[PDB]
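Structure, as structure tokens:
Just so it is clear, the values below take in all heavy atoms, side chains as well, and ignore hydrogens, waters and symmetry mates. Chain A is the first sequence line, chain B the second, and so forth, proteins listed ahead of strands; every chain is numbered from 1.
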Amino acid sequence: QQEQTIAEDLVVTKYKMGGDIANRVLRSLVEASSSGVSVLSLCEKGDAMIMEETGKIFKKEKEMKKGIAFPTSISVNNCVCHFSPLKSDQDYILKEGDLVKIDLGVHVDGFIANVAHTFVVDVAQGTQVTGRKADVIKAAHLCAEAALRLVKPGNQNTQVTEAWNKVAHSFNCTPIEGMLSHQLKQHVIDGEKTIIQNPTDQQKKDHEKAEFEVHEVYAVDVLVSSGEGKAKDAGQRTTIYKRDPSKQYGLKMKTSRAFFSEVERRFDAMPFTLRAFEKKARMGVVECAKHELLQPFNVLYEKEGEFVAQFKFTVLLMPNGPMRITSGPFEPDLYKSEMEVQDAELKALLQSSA
Amino acid sequence: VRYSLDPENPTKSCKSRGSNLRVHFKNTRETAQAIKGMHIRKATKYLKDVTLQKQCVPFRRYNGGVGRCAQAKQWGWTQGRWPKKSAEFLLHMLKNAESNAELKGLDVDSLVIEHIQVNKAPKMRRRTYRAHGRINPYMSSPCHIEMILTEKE
Amino acid sequence: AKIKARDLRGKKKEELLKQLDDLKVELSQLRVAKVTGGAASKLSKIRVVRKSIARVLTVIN
Amino acid sequence: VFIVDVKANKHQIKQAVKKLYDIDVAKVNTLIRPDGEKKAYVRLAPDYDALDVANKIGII
Amino acid sequence: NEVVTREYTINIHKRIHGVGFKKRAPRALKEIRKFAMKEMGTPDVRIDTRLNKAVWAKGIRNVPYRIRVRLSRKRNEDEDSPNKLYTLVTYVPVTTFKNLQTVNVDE
Amino acid sequence: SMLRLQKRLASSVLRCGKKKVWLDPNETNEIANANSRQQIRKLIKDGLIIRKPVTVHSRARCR
Amino acid sequence: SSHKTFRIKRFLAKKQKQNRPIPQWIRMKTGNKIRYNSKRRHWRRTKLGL
RNA sequence: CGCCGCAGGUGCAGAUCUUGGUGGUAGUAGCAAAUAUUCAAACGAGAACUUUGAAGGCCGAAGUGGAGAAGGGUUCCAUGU
Ligand SMILES: [Mg+2]
Ligand SMILES: [Mg+2]
Ligand SMILES: [Mg+2]
Ligand SMILES: [Mg+2]
Ligand SMILES: [Mg+2]
Ligand SMILES: [Mg+2]
Ligand SMILES: [Mg+2]
Ligand SMILES: [Mg+2]
Ligand SMILES: [Mg+2]
Ligand SMILES: [Mg+2]
Ligand SMILES: [Mg+2]
Ligand SMILES: [Mg+2]
């Protein structure tokens with residue numbers, strides 16, 4: 001009952017600068033994304049800039065931990081999310097016109113500023129990107145503007161997902177199966193108050209019917225797919241894991257215990273990446289994943305050539321209108337769709353704002 | 001499901017049922033005849049007294065070898081016992097019956113057990129070992145139970 | 001990308017054995033992925049590689 | 001630790017590991033499991049690290 | 001008040017007379033629990049482990065003739081229990097049992 | 001909750017019988033978390049598991 | 001016993017391997033007619049042939 | 001299925017009949033060989049029986065101890081139900 005929340009105005013201001021530092025590294029990512037680069041190169045430099053910038057901010061309070069709440073995940077045209085290539089793993093080269101999707105997070109006092117964005121690289125100045133890859137990102141952008149407008153204590157959790165299903169049907173697309181938004185509190189990215197998109201019969205009865213509440217942080221995340229809704233595995237190593245503090249077990253391995261203690265020092269409860277270590281890290285992760293000490297964040301692939309897009313950010317709830325601390329660089333001038341919106345409620349929410 | 005003795009007014013009635021319950025049929029039949037016609041609160045109190053051995057059930061039909069007790073004199077009888085397992089199983093079915101009565105919306109402070117029936121269930125098989133290389137049955141005697149409670153006051 | 005015995009028959013003993021070596025290496029990697037979790041794509045490729053090995057050996061014999 | 005053919009002896013296992021993974025091996029121990037599969041404990045040479053040989057194999 | 005405590009002495013010899021050898025010490029604790037139930041009116045009686053050692057001090061059949069105990073009625077502090085009060089009975093080591101009354105004790 | 005495994009491992013580590021192994025009644029959860037002999041060693045070092053002394057069999061009367 | 005021949009140990013291996021429950025997806029097959037492994041064996045109840 | 005013919009492995013109360021099922025007996029006989037259990041706590045919906053600690057006892061080194069051969073064949077060991 002003593003857990004910290006947005007009730008402190010100091011918490012508000014450190015949210016604003018933490019979201020600003022998360023937005024500014026996404027900006028450096030999109031300005032440094034060019035043809036002939038590597039996904040691994042952009043991931044390692046994206047996290048390295050986070051580590052040094054969070055070190056130089058809040059140098060006055062260092063009893064706590066400042067750094068990554070979600071590692072720099074970079075995926076292109078085939079991966080849903082949770083992707084961070086290892087040095088021993090194969091790399092990918094960025095070409096002309098491919099849309100790349102970047103996830104990134106910062107945390108201060110265990111309080112999270114999380115943000116993503118989907119953008120096409122090497123975009124010619126003053127041109128229009130079309131096709132079936134240009135409407136999934138525009139629909140997802142409309143989903144993000146929908147959530148920004150409608151997030152308010154007084155609605156239900158199913159209102160968001162039915163609107164997301166509706167805008168999916170309007171754009172002749174569908175949401176990704178089993179994608180969950182979370183209520184983000186102190187030291188937590190896995191809050192119990194969760195939001196579903198593209199549900200099924202099994203996930204619906206396991207989802208909890210709940211009503212929103214004032215003065216709390218959310219991670220509104222939308223996954224829009226131009227295909228059919230298929231996300232599976234293709235034998236790729238899962239890199240991102242999160243410590244589960246509820247459970248414990250007696251490790252039988254010296255290098256697994258060393259791996260776990262390295263997690264406690266750097267990423268004690270928040271999701272991390274195996275890149276930060278690596279030879280013994282790959283050994284020490286398989287046993288800790290076996291006994292559910294770490295929650296794997298698996299990589300998901302769709303049919304080759306299909307297109308999926310993401311848009312997520314941390315939004316603050318307050319009775320006098322919600323506010324945004326994390327935003328991505330999307331411009332609707334150079335992104336249009338071959339299908340427009342036909343629904344009255346959708347056109348009303350995109351017109352109005354806080 | 002089709003009971004026997006469907007209620008005269010089904011709106012003011014609730015039903016409960018259990019099948020293949022692993023209690024002795026003979027004990028449960030005697031306990032059911034004890035609580036038949038009782039009020040819901042009175043029967044719940046009575047069954048709790050059976051487990052506390054303050055009130056006994058009279059063994060009227062299945063009484064071969066059943067001992068005598070002083071508490072049998074409340075009934076017009078001489079033999080009585082305190083079947084703990086039969087009382088516990090009927091207590092659970094009475095809780096289920098009153099939960100059904102709440103679900104229908106009719107109040108639970110005026111219910112009376114107007115129907116209660118114990119049927120024999122299919123027998124379960126075990127083995128016992130006897131003197132000269134013989135095997136004999138060790139059959140269990142489970143029972144189905146059904147009950148209907150009707151509002152009356 | 002499958003292997004057809006009809007196009008195998010023109011090949012020589014050197015490249016036929018090279019193709020057999022490549023298939024056997026792939027199968028051994030698939031068996032590794034089978035015991036290390038892997039994916040259904042790699043699990044279902046086991047039968048494809050196994051029939052390809054038999055196809056090459058039948059052509060050789 | 002490898003599961004090997006039940007008809008393979010220590011010399012054959014030692015040569016098979018050397019050829020397939022291009023690594024040296026000090027000694028091979030061998031048991032037959034209760035379910036019938038033969039299991040070999042292939043101790044690598046002192047200069048070969050089994051920790052990273054397991055990586056290039058893919059069983060880390 | 002219902003958090004009272006009192007010192008009693010129990011004639012264990014009186015309550016165990018006639019019990020067989022292998023059942024004397026177990027019966028002494030059933031009758032000690034009976035004594036606390038009657039004197040304090042609580043169905044929940046907790047024997048102290050030091051009192052259990054005192055009853056079994058001379059073995060299963062040579063139970064002490066008298067024991068000096070202290071019954072303490074207390075609030076269970078837990079409304080999830082169906083009994084509001086429980087009596088905890090402890091062991092009072094004495095050198096003699098002559099002229100020992102039943103007395104009230106402060107906290 | 002059920003310290004059968006921990007009592008067996010503590011007797012093997014301490015090289016005594018299960019008669020002489022003293023698991024702490026109050027630290028039940030911490031003992032129960034020890035699924036390994038090295039965890040047992042840590043508890044022995046930290047005083048949560050004690051080897052009780054031999055029952056006294058004096059020869060003073062015989063002497 | 002601890003001492004055994006290779007033939008005996010291989011015989012015990014097959015009996016061990018086939019003494020397992022049937023898969024759950026077998027019940028979903030078309031025209032299944034199979035309820036449970038009717039050839040299950042317990043060491044204490046039924047002794048092996050050898 | 002009726003009628004005209006045809007053909008039988010054609011009619012059951014029995015056979016200490018064959019096979020299957022079900023009663024009374026009957027909530028009965030019984031769950032009585034080798035001294036013995038008790039208190040507190042934990043987990044748990046639920047504890048005479050599980051786990052821990054404290055007692056009181058027994059086996060008493062020809063053991064109710066520690067290991068093996070034959071035989072068994074996974075009963076070994078963790079986790080869960
Ligand atoms: Mg008679
Ligand atoms: Mg017998
Ligand atoms: Mg016999
Ligand atoms: Mg050998
Ligand atoms: Mg036998
Ligand atoms: Mg005939
Ligand atoms: Mg007949
Ligand atoms: Mg009897
Ligand atoms: Mg008896
Ligand atoms: Mg003795
Ligand atoms: Mg022995
Ligand atoms: Mg065992």
Side-chain angles (χ1 to χ4, degrees), chain A residues 249-250 252 290-292, chain B residues 23-30 59 61-67 79 81 83 85-86 88 92 120 122-123 128-130 136-141 143, chain D residues 33-35, chain E residues 20-30 32-33 45-63 80 88-91, chain F residues 1-10 17-19 21-32 35-36 48-50 52 57, chain G residues 1-4 8-17 19-20 41-50:
Chain A
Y249 171 81
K252 317 271 194 167
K290 190 62 165 196
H291 283 97
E292 312 187 310
Chain B
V23 282
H24 283 176
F25 157 77
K26 304 192 158 159
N27 295 351
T28 312
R29 185 258 164 202
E30 303 292 341
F59 272 51
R61 169 173 300 146
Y62 298 110
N63 60 350
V66 177
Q79 288 156 296
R81 272 183 182 175
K85 212 184 252 193
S86 304
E88 292 163 314
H92 295 168
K120 291 183 185 176
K123 287 231 176 182
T128 188
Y129 301 98
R130 319 296 309 248
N136 282 128
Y138 212 65
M139 313 299 290
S140 177
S141 308
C143 59
Chain D
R33 269 139 56 92
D35 65 349
Chain E
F21 278 165
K22 294 308 201 197
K23 295 175 184 288
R24 274 170 99 76
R27 180 54 66 87
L29 288 165
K30 295 201 180 196
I32 274 166
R33 186 175 329 263
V45 174
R46 298 180 189 173
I47 317 285
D48 193 23
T49 319
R50 325 170 67 77
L51 177 63
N52 177 46
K53 279 189 57 187
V55 169
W56 291 80
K58 300 208 287 162
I60 198 171
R61 48 172 177 179
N62 290 291
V63 189
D80 52 15
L88 163 73
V89 48
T90 72
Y91 172 56
Chain F
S1 305
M2 197 260 279
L3 309 184
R4 208 186 270 133
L5 166 74
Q6 285 81 18
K7 191 166 261 275
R8 166 173 80 79
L9 287 182
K18 295 178 302 277
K19 300 219 309 188
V21 173
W22 187 84
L23 308 171
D24 199 283
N26 292 282
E27 310 267 10
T28 294
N29 303 89
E30 326 297 335
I31 307 305
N35 61 8
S36 89
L48 263 57
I49 298 186
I50 291 95
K52 300 186 290 183
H57 187 185
Chain G
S1 59
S2 288
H3 291 149
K4 48 175 74 91
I8 293 310
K9 194 171 150 204
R10 201 191 45 225
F11 175 80
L12 301 175
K14 167 166 217 184
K15 297 289 167 259
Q16 209 166 309
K17 286 200 291 187
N19 183 37
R20 69 167 290 276
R41 172 188 57 84
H42 189 242
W43 57 273
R44 219 158 193 190
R45 308 189 198 112
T46 285
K47 293 318 214 192
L48 280 171
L50 80 163

Quiz item: Mind checking the P distance from H/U52 to H/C43? Whole angstroms is fine.
Solution: 16 Å
Quiz item: With respect to the phosphate group of H/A40, does any side-chain polar atom (N or O) of E/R33 fall under 4.0 Å of OP1 or OP2?
Solution: yes
Self-check item: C1' spacing across the pair H/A15 / H/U22, given as an integer number of angstrom
Solution: 23 Å
Quiz item: For G/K47, which contact category applies under a 4.0 Å heavy-atom criterion: base, sugar-phosphate, or nothing?
Solution: sugar-phosphate
Quiz item: Which part of the nucleic acid, if any, lies within reach of E/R50 when heavy atoms closer than 4.0 Å are counted: base, sugar-phosphate only, or nothing?
Solution: nothing
Quiz prompt | Below 4.0 Å: OP1/OP2 of H/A78 and any side-chain N or O of F/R8 | solution = yes
Practice problem: Using a 4.0 Å heavy-atom cut-off across all strands, classify E/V89 as base, sugar-phosphate, or nothing. | Solution: nothing
Quiz item: Can a side chain N or O of G/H3 be found less than 4.0 Å away from OP1 or OP2 on H/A70?
Solution: yes
Quiz item: Between B/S141 and B/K123, do the side chains contain an N or O donor and an N or O acceptor separated by less than 3.5 Å?
Solution: yes
Quiz item: Within a reach of under 6.0 Å around CZ of G/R45, are more than 12 heavy atoms found that belong to other residues, nucleotides or ligands?
Solution: no
Exercise. Please state yes or no: are the six-membered rings of H/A47 and H/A48 less than 5.5 angstrom apart at their centres, with planes tilted under 30 degrees?
Key: no
Practice problem: May I ask you to evaluate whether F/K7 reaches the phosphate of H/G53, defined as a side-chain N or O under 4.0 Å from OP1 or OP2? | Solution: yes
Quiz item: Which nucleotide in the set H/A54, H/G71, H/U38 lies at the smallest distance from any side-chain heavy atom of G/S1?
Solution: H/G71
Practice problem: Give F/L23 one of three labels, base, sugar-phosphate or nothing, depending on what nucleic acid heavy atoms sit under 4.0 Å from its own. | Solution: sugar-phosphate
Detail all sub-3.5 Å separations between protein N/O atoms and N/O atoms belonging to nucleotides 79-81 of chain H.
none

Self-check item: Pairing nucleotide - H/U22, Watson-Crick or G-U, each distance under 3.5 Å
Solution: none
Quiz item: With side chains defined as the heavy atoms from C-beta onward, is the minimum distance between F/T28 and F/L23 less than 4.5 Å?
Solution: no
Self-check item: hbond_proxy E/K22 side chain to H/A36 base (donor-acceptor, 3.5 Å cutoff)
Solution: yes
Exercise. Taking atom P in both H/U50 and H/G60, compute the distance separating them and give it to the nearest angstrom.
Key: 24 Å
Quiz item: According to the Watson-Crick and G-U wobble definitions, with both distances under 3.5 Å, which nucleotide is paired to H/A40?
Solution: H/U52
Practice problem: Indicate, with a heavy-atom threshold strictly under 4.0 Å, whether F/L3 touches base, sugar-phosphate, or nothing. | Solution: sugar-phosphate
Quiz item: Taking the nucleotide of RNA chain H with the closest heavy atom to each, which residue, F/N29 or G/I8, is nearer the 5' end?
Solution: F/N29
Quiz item: Relative to the ring of A/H291, is the ring of A/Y249 parallel (under 30°), tilted (30 to 60°) or perpendicular (over 60°)?
Solution: parallel
Exercise. Could you tell me which residues satisfy ring pair (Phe, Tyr, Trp, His ring centres under 6.0 Å) with E/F21, sequence neighbours excluded, listed by chain and number?
Key: none
Practice problem: Determine: side-chain N/O of E/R24 to OP1/OP2 of H/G57, distance under 4.0 Å, yes or no. | Solution: no
Quiz item: Where the side chain of E/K53 is defined as all heavy atoms beyond and including C-beta, which of H/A69, H/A55, H/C43 is the nearest nucleotide?
Solution: H/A55
Quiz item: Out of H/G73, H/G56, H/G53, which has the shortest distance to the side chain of G/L50?
Solution: H/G73
Practice problem: Give a yes/no on whether any side-chain N or O of F/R4 is located under 4.0 angstrom from OP1 or OP2 of H/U51. | Solution: yes
Quiz item: Is the H/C43-H/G44 step stacked (ring centres under 5.5 angstrom, plane angle under 30°)?
Solution: yes
Quiz prompt | Base-pairing mate for H/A34 - Watson-Crick or G-U, with both contacts under 3.5 Å | solution = none
Quiz item: For H/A54, does either OP1 or OP2 sit under 4.0 Å from a side-chain N or O belonging to F/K52?
Solution: yes
Exercise. Between protein and nucleotides 22-34 of chain H, map the contacts as a letter string: B base, S sugar-phosphate only, - none, heavy atoms under 4.0 Å, written 5' to 3'.
Key: ----SBS-B----
